[PDB]
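Trainee: Pasting the sequence and an experimental structure:
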Amino acid sequence: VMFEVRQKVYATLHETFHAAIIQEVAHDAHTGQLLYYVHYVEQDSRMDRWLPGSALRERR
């Protein structure tokens, strides 16, 4: 499963899934893996972080 910029997702944060949105996508050169800069919808920008796809779920 792939995710896109502005896609609504669920993202783990301290072992809990929270509604989030993907702000940016970037390819980690060394392992080719896609990493996503997620913003938690009900948290401050400070909580924004880079996460692998294994931490994300579709939200709809």
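Mentor: That came through, no problem. Numbering: from 1, shown residues only.
Trainee: And residue 28, its phi and psi?
Mentor: Note on residue 28: its backbone torsions stand at phi -70, psi 110 [degrees, to the nearest 10].
Trainee: count of residues packed around it?
Mentor: Per other Cβ atoms under 10 Å, the neighbour tally for residue 28 reads 11. (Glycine included, C-beta is placed from N, CA and C.)
Trainee: if I look at it, how far off is residue 59?
Mentor: For residue 28, the distance to residue 59 (Cβ to Cβ, to the nearest Å) stands at 23 Å.
Trainee: Over to residue 7?
Mentor: 8 Å.
Trainee: where does residue 46 land in three-state SS?
Mentor: Secondary structure, DSSP: H, G, I helix; E, B strand; the rest coil: residue 46 is helix.
Trainee: any idea how far residue 10 is from it?
Mentor: 20 Å.
Trainee: Which one of these two is surrounded by more residues?
Mentor: Using other Cβ under 10 Å as the criterion, residue 46 and residue 10 rank with residue 10 on top: 16 against 7.
Trainee: which residue lies farthest from the center of this protein?
Mentor: Distance from the centre of the chain peaks at residue 30, with 19.4 Å (Cα atoms, centre = their mean).
Trainee: Which strand residues bridge the residue nearest to the spatial centre of the chain?
Mentor: The chain has residue 38 as the residue nearest its centroid, 3.7 Å off, counting by Cα atoms, centre = their mean. Here residue 38 sits in beta bridges with residue 22, residue 49, as judged by DSSP bridges.
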